[PDB]
Amino acid sequence: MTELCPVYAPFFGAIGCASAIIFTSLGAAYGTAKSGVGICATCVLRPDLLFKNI
Amino acid sequence: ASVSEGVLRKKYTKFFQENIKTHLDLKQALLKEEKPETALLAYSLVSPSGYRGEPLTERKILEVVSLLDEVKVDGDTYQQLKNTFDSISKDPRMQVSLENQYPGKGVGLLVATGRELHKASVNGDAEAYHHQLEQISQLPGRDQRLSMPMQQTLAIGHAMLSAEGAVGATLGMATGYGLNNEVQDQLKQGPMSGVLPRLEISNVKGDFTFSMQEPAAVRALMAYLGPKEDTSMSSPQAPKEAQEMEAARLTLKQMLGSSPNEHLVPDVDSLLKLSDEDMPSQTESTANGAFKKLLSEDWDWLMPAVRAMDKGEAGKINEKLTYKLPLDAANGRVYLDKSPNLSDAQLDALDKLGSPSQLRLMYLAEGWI
(Lines give C-alpha, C1' and ligand atoms only; values in the text may rest on other atoms or scores of the structure.)
Protein backbone atom coordinates (compact mmCIF):
# COMPACT_ATOMS: atom_id res chain seq x y z
CA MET A 1 0.00 0.00 0.00
CA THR A 2 3.15 2.11 -0.10
CA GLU A 3 3.93 4.76 -2.73
CA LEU A 4 6.87 2.67 -3.96
CA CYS A 5 5.25 -0.73 -3.22
CA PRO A 6 1.70 -0.87 -4.64
CA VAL A 7 -0.68 -3.79 -4.47
CA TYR A 8 -0.57 -4.59 -8.22
CA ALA A 9 3.22 -5.02 -8.08
CA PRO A 10 3.15 -8.87 -7.90
CA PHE A 11 0.91 -8.85 -11.00
CA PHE A 12 3.70 -7.89 -13.39
CA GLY A 13 6.02 -10.43 -11.81
CA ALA A 14 3.49 -13.25 -12.09
CA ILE A 15 2.80 -12.28 -15.71
CA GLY A 16 6.54 -12.27 -16.42
CA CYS A 17 6.98 -15.62 -14.67
CA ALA A 18 4.30 -17.26 -16.79
CA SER A 19 5.35 -15.68 -20.10
CA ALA A 20 8.88 -17.08 -19.82
CA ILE A 21 7.79 -20.71 -20.19
CA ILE A 22 4.77 -20.09 -22.44
CA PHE A 23 6.56 -18.49 -25.39
CA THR A 24 9.68 -20.66 -25.17
CA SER A 25 7.52 -23.79 -25.09
CA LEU A 26 5.52 -22.48 -28.06
CA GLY A 27 8.67 -21.90 -30.10
CA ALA A 28 10.15 -25.24 -29.03
CA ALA A 29 6.90 -26.97 -30.03
CA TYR A 30 7.08 -25.38 -33.47
CA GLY A 31 10.70 -26.49 -33.82
CA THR A 32 9.93 -30.07 -32.76
CA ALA A 33 6.78 -30.45 -34.88
CA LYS A 34 8.47 -28.91 -37.93
CA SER A 35 11.63 -31.02 -37.70
CA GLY A 36 9.75 -34.23 -36.95
CA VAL A 37 7.61 -34.14 -40.09
CA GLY A 38 10.81 -33.83 -42.11
CA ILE A 39 12.33 -36.73 -40.19
CA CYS A 40 9.34 -39.02 -40.76
CA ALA A 41 9.40 -38.20 -44.49
CA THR A 42 13.15 -38.59 -44.95
CA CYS A 43 13.77 -41.77 -42.95
CA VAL A 44 11.39 -44.22 -44.62
CA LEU A 45 13.79 -45.02 -47.36
CA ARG A 46 17.25 -44.86 -45.74
CA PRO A 47 16.35 -45.46 -42.05
CA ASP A 48 20.04 -45.39 -41.08
CA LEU A 49 19.94 -41.65 -40.38
CA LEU A 50 17.20 -41.90 -37.74
CA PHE A 51 19.50 -41.34 -34.75
CA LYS A 52 21.50 -38.80 -36.75
CA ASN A 53 18.61 -36.60 -37.89
CA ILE A 54 17.33 -36.33 -34.30
CA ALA B 1 -29.88 -72.43 -62.63
CA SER B 2 -31.46 -73.92 -59.51
CA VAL B 3 -34.07 -71.23 -58.86
CA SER B 4 -35.48 -68.01 -60.32
CA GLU B 5 -37.87 -65.44 -58.89
CA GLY B 6 -40.08 -62.52 -59.91
CA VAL B 7 -41.67 -59.58 -58.12
CA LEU B 8 -44.40 -58.24 -60.46
CA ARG B 9 -47.85 -58.71 -58.90
CA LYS B 10 -49.81 -58.00 -62.11
CA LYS B 11 -49.28 -61.22 -64.09
CA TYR B 12 -51.51 -63.48 -61.96
CA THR B 13 -53.65 -60.47 -60.88
CA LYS B 14 -57.01 -62.38 -60.90
CA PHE B 15 -56.64 -64.03 -57.47
CA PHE B 16 -55.53 -60.75 -55.84
CA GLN B 17 -57.88 -58.26 -57.53
CA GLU B 18 -61.18 -58.48 -55.65
CA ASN B 19 -61.87 -58.96 -51.93
CA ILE B 20 -60.92 -62.64 -51.74
CA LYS B 21 -60.63 -62.59 -47.96
CA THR B 22 -61.62 -66.16 -47.12
CA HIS B 23 -59.86 -69.52 -47.22
CA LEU B 24 -63.35 -70.95 -47.74
CA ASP B 25 -63.69 -71.30 -51.55
CA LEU B 26 -60.18 -69.92 -52.00
CA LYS B 27 -59.28 -73.17 -53.75
CA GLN B 28 -62.58 -72.86 -55.64
CA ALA B 29 -61.44 -69.54 -57.11
CA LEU B 30 -57.95 -70.98 -57.59
CA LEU B 31 -58.69 -73.16 -60.64
CA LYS B 32 -59.71 -70.27 -62.97
CA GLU B 33 -57.64 -71.62 -65.89
CA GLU B 34 -56.36 -74.87 -67.40
CA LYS B 35 -54.57 -75.53 -64.07
CA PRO B 36 -55.28 -79.14 -63.06
CA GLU B 37 -51.97 -80.66 -61.92
CA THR B 38 -50.67 -77.24 -60.82
CA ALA B 39 -53.59 -75.72 -58.86
CA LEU B 40 -54.14 -78.02 -55.87
CA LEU B 41 -50.39 -78.25 -55.26
CA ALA B 42 -50.08 -74.52 -54.59
CA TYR B 43 -52.98 -74.75 -52.13
CA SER B 44 -51.13 -77.47 -50.18
CA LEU B 45 -48.95 -74.84 -48.48
CA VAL B 46 -52.02 -73.51 -46.62
CA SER B 47 -54.17 -76.64 -46.65
CA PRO B 48 -53.56 -78.30 -43.18
CA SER B 49 -53.76 -75.36 -40.77
CA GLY B 50 -54.93 -72.56 -43.04
CA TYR B 51 -58.57 -72.94 -42.03
CA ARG B 52 -58.48 -75.16 -38.94
CA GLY B 53 -58.19 -72.42 -36.34
CA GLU B 54 -56.81 -69.74 -38.66
CA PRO B 55 -56.82 -66.04 -37.74
CA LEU B 56 -58.62 -63.85 -40.34
CA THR B 57 -58.55 -66.89 -42.77
CA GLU B 58 -55.96 -64.97 -44.87
CA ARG B 59 -53.61 -62.01 -44.69
CA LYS B 60 -51.66 -59.94 -47.21
CA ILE B 61 -48.54 -62.11 -46.97
CA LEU B 62 -50.16 -65.55 -46.63
CA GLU B 63 -52.06 -65.23 -49.90
CA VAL B 64 -49.31 -63.48 -51.88
CA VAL B 65 -46.92 -66.32 -50.99
CA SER B 66 -49.29 -68.79 -52.67
CA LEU B 67 -49.45 -67.20 -56.12
CA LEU B 68 -45.79 -66.26 -56.24
CA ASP B 69 -45.33 -70.05 -56.22
CA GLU B 70 -45.72 -70.34 -59.96
CA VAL B 71 -44.64 -73.91 -60.60
CA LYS B 72 -45.90 -74.06 -64.19
CA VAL B 73 -42.35 -74.10 -65.60
CA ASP B 74 -41.54 -77.37 -63.75
CA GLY B 75 -43.01 -79.05 -60.69
CA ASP B 76 -40.39 -81.61 -59.66
CA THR B 77 -38.06 -79.71 -57.29
CA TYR B 78 -40.82 -78.26 -55.13
CA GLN B 79 -42.57 -81.64 -55.23
CA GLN B 80 -39.45 -83.25 -53.76
CA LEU B 81 -39.38 -80.42 -51.21
CA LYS B 82 -43.00 -81.15 -50.26
CA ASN B 83 -42.13 -84.82 -49.90
CA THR B 84 -38.95 -84.13 -47.93
CA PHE B 85 -40.33 -81.53 -45.55
CA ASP B 86 -43.25 -82.85 -43.40
CA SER B 87 -41.74 -86.30 -43.68
CA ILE B 88 -39.14 -84.83 -41.33
CA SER B 89 -41.76 -83.63 -38.82
CA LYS B 90 -42.25 -86.97 -37.08
CA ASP B 91 -39.17 -87.63 -34.94
CA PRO B 92 -38.62 -86.15 -31.47
CA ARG B 93 -35.23 -84.83 -32.62
CA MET B 94 -37.08 -82.23 -34.69
CA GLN B 95 -39.42 -81.58 -31.75
CA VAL B 96 -36.63 -80.59 -29.35
CA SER B 97 -35.13 -78.41 -32.08
CA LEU B 98 -38.38 -76.41 -31.98
CA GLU B 99 -38.12 -75.99 -28.21
CA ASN B 100 -34.62 -74.57 -27.74
CA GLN B 101 -35.41 -71.92 -30.39
CA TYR B 102 -38.85 -71.11 -28.95
CA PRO B 103 -40.55 -70.21 -25.68
CA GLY B 104 -43.09 -72.44 -23.96
CA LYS B 105 -45.43 -73.20 -26.85
CA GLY B 106 -26.97 -42.03 -13.68
CA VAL B 107 -24.63 -44.85 -14.67
CA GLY B 108 -27.51 -47.25 -15.36
CA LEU B 109 -28.37 -45.14 -18.38
CA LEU B 110 -24.85 -45.84 -19.65
CA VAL B 111 -25.28 -49.56 -18.97
CA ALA B 112 -28.63 -49.73 -20.82
CA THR B 113 -27.27 -47.72 -23.75
CA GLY B 114 -24.27 -50.06 -23.88
CA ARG B 115 -26.60 -53.07 -24.05
CA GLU B 116 -28.60 -51.50 -26.88
CA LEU B 117 -25.58 -50.47 -28.94
CA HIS B 118 -24.06 -53.93 -28.48
CA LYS B 119 -27.33 -55.40 -29.79
CA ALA B 120 -27.19 -53.01 -32.77
CA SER B 121 -23.60 -53.80 -33.75
CA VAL B 122 -23.75 -57.58 -33.22
CA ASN B 123 -26.99 -57.94 -35.15
CA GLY B 124 -25.59 -55.62 -37.81
CA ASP B 125 -22.42 -57.58 -38.59
CA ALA B 126 -24.35 -60.79 -39.20
CA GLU B 127 -26.55 -59.18 -41.86
CA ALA B 128 -23.39 -58.38 -43.82
CA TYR B 129 -22.13 -61.92 -43.22
CA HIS B 130 -25.35 -63.23 -44.79
CA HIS B 131 -25.23 -60.74 -47.68
CA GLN B 132 -21.80 -62.06 -48.63
CA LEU B 133 -23.13 -65.60 -48.18
CA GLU B 134 -25.88 -65.36 -50.81
CA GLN B 135 -23.23 -64.64 -53.42
CA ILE B 136 -21.29 -67.76 -52.42
CA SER B 137 -24.26 -69.86 -53.51
CA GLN B 138 -24.28 -67.85 -56.75
CA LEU B 139 -21.09 -69.75 -57.65
CA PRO B 140 -21.21 -72.86 -59.88
CA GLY B 141 -21.65 -76.15 -58.05
CA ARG B 142 -23.86 -74.81 -55.24
CA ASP B 143 -27.64 -74.67 -54.96
CA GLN B 144 -29.99 -71.70 -55.13
CA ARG B 145 -33.26 -73.40 -54.14
CA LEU B 146 -32.80 -74.39 -50.50
CA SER B 147 -29.94 -72.00 -49.67
CA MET B 148 -31.34 -68.73 -51.06
CA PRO B 149 -34.59 -68.27 -49.07
CA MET B 150 -33.02 -69.81 -45.97
CA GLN B 151 -30.35 -67.11 -45.65
CA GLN B 152 -32.56 -64.30 -46.89
CA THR B 153 -34.71 -64.88 -43.81
CA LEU B 154 -31.86 -64.54 -41.31
CA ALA B 155 -30.57 -61.26 -42.76
CA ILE B 156 -34.03 -59.70 -42.40
CA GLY B 157 -34.23 -60.73 -38.74
CA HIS B 158 -30.75 -59.40 -38.06
CA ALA B 159 -31.60 -56.10 -39.78
CA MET B 160 -34.72 -55.81 -37.61
CA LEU B 161 -32.77 -56.54 -34.42
CA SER B 162 -30.12 -53.97 -35.40
CA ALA B 163 -32.74 -51.28 -36.02
CA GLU B 164 -34.47 -52.21 -32.75
CA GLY B 165 -31.21 -51.78 -30.83
CA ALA B 166 -30.45 -48.40 -32.40
CA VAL B 167 -34.00 -47.11 -31.82
CA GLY B 168 -33.79 -48.29 -28.22
CA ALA B 169 -30.46 -46.57 -27.58
CA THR B 170 -31.71 -43.34 -29.17
CA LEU B 171 -34.98 -43.40 -27.22
CA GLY B 172 -33.12 -44.09 -23.98
CA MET B 173 -30.40 -41.47 -24.37
CA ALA B 174 -32.80 -38.70 -25.42
CA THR B 175 -35.09 -39.26 -22.40
CA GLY B 176 -32.81 -40.08 -19.48
CA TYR B 177 -43.36 -48.01 -32.44
CA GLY B 178 -43.77 -45.81 -35.50
CA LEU B 179 -40.00 -46.05 -36.03
CA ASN B 180 -39.84 -49.85 -35.73
CA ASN B 181 -42.85 -50.17 -38.03
CA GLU B 182 -41.15 -47.89 -40.57
CA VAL B 183 -38.14 -50.22 -40.81
CA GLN B 184 -40.32 -53.36 -40.81
CA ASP B 185 -42.28 -52.62 -43.99
CA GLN B 186 -39.21 -51.15 -45.72
CA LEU B 187 -37.40 -54.50 -45.71
CA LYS B 188 -40.51 -56.12 -47.24
CA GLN B 189 -39.64 -54.57 -50.63
CA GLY B 190 -37.03 -55.42 -53.23
CA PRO B 191 -36.64 -58.99 -54.46
CA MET B 192 -38.95 -61.90 -53.68
CA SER B 193 -37.81 -64.94 -51.71
CA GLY B 194 -38.76 -68.41 -52.90
CA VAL B 195 -41.07 -70.60 -50.89
CA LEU B 196 -40.22 -73.53 -48.65
CA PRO B 197 -42.79 -76.03 -47.33
CA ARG B 198 -44.63 -75.30 -44.17
CA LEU B 199 -43.56 -77.99 -41.60
CA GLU B 200 -46.76 -78.76 -39.74
CA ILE B 201 -46.33 -80.62 -36.43
CA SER B 202 -48.96 -82.85 -34.81
CA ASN B 203 -47.83 -84.28 -31.46
CA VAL B 204 -49.61 -85.09 -28.20
CA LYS B 205 -49.68 -81.40 -27.23
CA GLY B 206 -51.54 -80.24 -30.33
CA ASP B 207 -51.45 -79.30 -34.00
CA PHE B 208 -48.67 -76.72 -34.35
CA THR B 209 -47.56 -75.07 -37.58
CA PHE B 210 -44.44 -72.96 -38.13
CA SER B 211 -43.61 -70.75 -41.05
CA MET B 212 -39.97 -70.99 -42.37
CA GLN B 213 -40.16 -67.33 -43.39
CA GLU B 214 -39.58 -66.51 -39.75
CA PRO B 215 -35.96 -66.64 -38.53
CA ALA B 216 -36.71 -68.82 -35.50
CA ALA B 217 -37.84 -71.78 -37.62
CA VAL B 218 -34.91 -71.31 -40.03
CA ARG B 219 -32.51 -71.13 -37.09
CA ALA B 220 -34.12 -74.26 -35.62
CA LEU B 221 -33.97 -76.16 -38.92
CA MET B 222 -30.21 -75.92 -39.48
CA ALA B 223 -29.49 -77.13 -35.95
CA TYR B 224 -31.41 -80.29 -36.83
CA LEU B 225 -29.34 -80.88 -39.99
CA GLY B 226 -26.12 -80.62 -37.99
CA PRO B 227 -25.09 -84.02 -36.59
CA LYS B 228 -23.84 -86.98 -38.57
CA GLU B 229 -25.81 -90.20 -38.75
CA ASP B 230 -25.00 -92.80 -36.12
CA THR B 231 -24.69 -96.60 -36.32
CA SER B 232 -28.48 -96.86 -36.01
CA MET B 233 -31.27 -95.02 -37.93
CA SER B 234 -29.81 -95.88 -41.36
CA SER B 235 -28.98 -99.60 -41.26
CA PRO B 236 -31.39 -102.14 -42.80
CA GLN B 237 -31.59 -103.95 -39.45
CA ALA B 238 -34.04 -101.66 -37.65
CA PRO B 239 -36.16 -100.68 -40.71
CA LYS B 240 -39.17 -99.45 -38.77
CA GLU B 241 -39.73 -95.81 -39.81
CA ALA B 242 -36.18 -94.57 -40.45
CA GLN B 243 -35.95 -94.86 -44.25
CA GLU B 244 -38.53 -92.07 -44.66
CA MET B 245 -37.12 -89.55 -42.16
CA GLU B 246 -33.37 -90.19 -42.01
CA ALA B 247 -33.17 -90.43 -45.81
CA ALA B 248 -34.99 -87.08 -45.94
CA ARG B 249 -32.64 -85.59 -43.33
CA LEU B 250 -29.62 -86.82 -45.26
CA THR B 251 -30.89 -85.55 -48.61
CA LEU B 252 -31.44 -82.10 -47.06
CA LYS B 253 -28.00 -82.19 -45.41
CA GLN B 254 -26.46 -83.14 -48.76
CA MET B 255 -28.60 -80.55 -50.58
CA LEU B 256 -26.92 -77.93 -48.41
CA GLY B 257 -23.55 -79.44 -49.27
CA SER B 258 -22.55 -81.26 -46.10
CA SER B 259 -21.02 -84.72 -46.07
CA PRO B 260 -22.83 -87.43 -44.04
CA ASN B 261 -19.86 -87.70 -41.62
CA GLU B 262 -19.61 -84.01 -40.63
CA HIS B 263 -20.67 -83.16 -37.11
CA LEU B 264 -21.24 -79.35 -36.77
CA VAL B 265 -22.70 -78.96 -33.29
CA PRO B 266 -23.67 -75.46 -32.04
CA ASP B 267 -21.34 -73.98 -29.45
CA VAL B 268 -23.26 -71.01 -27.98
CA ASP B 269 -23.64 -71.82 -24.28
CA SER B 270 -22.75 -70.65 -20.79
CA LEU B 271 -21.95 -74.26 -19.85
CA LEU B 272 -18.83 -76.34 -20.31
CA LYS B 273 -17.55 -76.68 -23.85
CA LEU B 274 -17.99 -79.35 -26.52
CA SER B 275 -16.68 -82.32 -24.57
CA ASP B 276 -14.70 -84.62 -26.86
CA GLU B 277 -17.23 -86.45 -29.04
CA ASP B 278 -18.74 -83.23 -30.41
CA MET B 279 -15.36 -81.43 -30.40
CA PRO B 280 -13.73 -80.97 -33.86
CA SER B 281 -10.88 -82.89 -35.46
CA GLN B 282 -8.01 -80.30 -35.10
CA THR B 283 -7.94 -79.76 -38.87
CA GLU B 284 -11.41 -78.21 -38.64
CA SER B 285 -10.82 -75.80 -35.75
CA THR B 286 -7.77 -74.46 -37.59
CA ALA B 287 -9.87 -74.07 -40.74
CA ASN B 288 -12.64 -72.37 -38.73
CA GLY B 289 -10.09 -69.93 -37.35
CA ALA B 290 -8.95 -69.24 -40.90
CA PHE B 291 -12.54 -68.51 -41.94
CA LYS B 292 -13.02 -66.23 -38.93
CA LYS B 293 -9.82 -64.38 -39.82
CA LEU B 294 -11.14 -63.98 -43.38
CA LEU B 295 -14.44 -62.55 -42.10
CA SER B 296 -12.92 -60.20 -39.55
CA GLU B 297 -10.57 -58.27 -41.84
CA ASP B 298 -12.47 -57.49 -45.04
CA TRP B 299 -16.02 -57.35 -46.31
CA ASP B 300 -15.12 -59.16 -49.57
CA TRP B 301 -12.68 -61.97 -48.74
CA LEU B 302 -14.99 -64.91 -48.14
CA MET B 303 -16.54 -65.43 -51.59
CA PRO B 304 -13.26 -65.33 -53.62
CA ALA B 305 -11.56 -67.61 -51.08
CA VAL B 306 -14.44 -70.09 -51.35
CA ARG B 307 -14.29 -69.75 -55.15
CA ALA B 308 -10.58 -70.56 -55.10
CA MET B 309 -11.06 -73.34 -52.54
CA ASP B 310 -13.59 -75.18 -54.71
CA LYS B 311 -10.96 -75.37 -57.47
CA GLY B 312 -8.44 -77.02 -55.15
CA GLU B 313 -6.37 -73.81 -55.21
CA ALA B 314 -6.41 -73.29 -51.44
CA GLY B 315 -2.66 -72.70 -51.20
CA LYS B 316 -2.84 -69.71 -53.53
CA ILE B 317 -5.14 -67.71 -51.23
CA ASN B 318 -2.46 -65.29 -49.97
CA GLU B 319 -1.63 -63.95 -53.44
CA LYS B 320 -5.12 -63.83 -54.98
CA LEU B 321 -6.84 -61.76 -52.26
CA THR B 322 -4.08 -59.15 -52.09
CA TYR B 323 -4.99 -55.72 -53.38
CA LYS B 324 -3.42 -52.27 -53.30
CA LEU B 325 -4.80 -49.10 -51.72
CA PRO B 326 -3.22 -45.64 -51.44
CA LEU B 327 -1.79 -44.04 -48.31
CA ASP B 328 -1.16 -40.31 -48.38
CA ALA B 329 1.88 -40.27 -46.10
CA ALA B 330 4.39 -37.52 -45.39
CA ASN B 331 6.35 -38.53 -48.52
CA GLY B 332 3.57 -38.79 -51.10
CA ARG B 333 1.13 -41.55 -51.90
CA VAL B 334 2.68 -44.98 -51.64
CA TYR B 335 0.01 -47.61 -52.66
CA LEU B 336 0.49 -50.25 -49.99
CA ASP B 337 -1.20 -53.65 -50.27
CA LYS B 338 -3.68 -55.31 -47.93
CA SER B 339 -3.42 -59.10 -47.93
CA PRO B 340 -4.76 -61.86 -45.66
CA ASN B 341 -1.71 -63.09 -43.77
CA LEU B 342 -2.68 -66.73 -43.42
CA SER B 343 -0.10 -68.91 -41.71
CA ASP B 344 0.95 -72.15 -43.37
CA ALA B 345 -0.60 -74.33 -40.64
CA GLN B 346 -3.99 -72.85 -41.60
CA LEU B 347 -3.25 -72.71 -45.32
CA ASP B 348 -2.90 -76.50 -45.63
CA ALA B 349 -5.93 -77.15 -43.41
CA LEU B 350 -7.99 -75.35 -46.04
CA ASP B 351 -6.57 -78.04 -48.34
CA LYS B 352 -7.98 -80.70 -46.00
CA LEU B 353 -11.49 -79.37 -46.49
CA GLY B 354 -12.17 -79.85 -50.18
CA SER B 355 -15.22 -77.64 -50.57
CA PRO B 356 -16.81 -75.63 -47.75
CA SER B 357 -20.23 -77.01 -46.96
CA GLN B 358 -22.93 -74.34 -47.00
CA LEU B 359 -24.14 -75.58 -43.60
CA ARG B 360 -20.70 -74.81 -42.13
CA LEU B 361 -20.69 -71.35 -43.71
CA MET B 362 -24.14 -70.69 -42.23
CA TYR B 363 -23.01 -71.63 -38.73
CA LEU B 364 -20.10 -69.29 -39.40
CA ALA B 365 -22.38 -66.37 -40.28
CA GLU B 366 -24.70 -67.00 -37.33
CA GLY B 367 -21.94 -67.38 -34.74
CA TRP B 368 -22.20 -71.03 -33.69
CA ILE B 369 -18.60 -72.08 -34.26
# chains A, B, ... in the order shown; residues from 1 in each chain; ligands from 1
>>> select_by_dssp(residues="range 43-266 of chain B", states="alpha helix (DSSP H)", output="NGL selection string")
:B and (43 or 60-67 or 77-84 or 92-100 or 107-131 or 154-173 or 180-184 or 215-224 or 246-256)
>>> residues_around(residues="range 175-188 of chain B", least_positions_apart="6", cutoff="9 Å", atoms="only C-alpha atoms", output="ChimeraX atom specification")
/B:106,109,156,159-160,163-164,167
>>> interface_residues(of="chain B", to="chain A", cutoff="9 Å", atoms="only C-alpha atoms", output="JSON, numbers by chain")
{"B": [329, 330, 331, 332]}
>>> select_by_dssp(residues="range 289-331 of chain B", states="strand (DSSP E or B)", output="NGL selection string")
:B and (323-325 or 328-330)
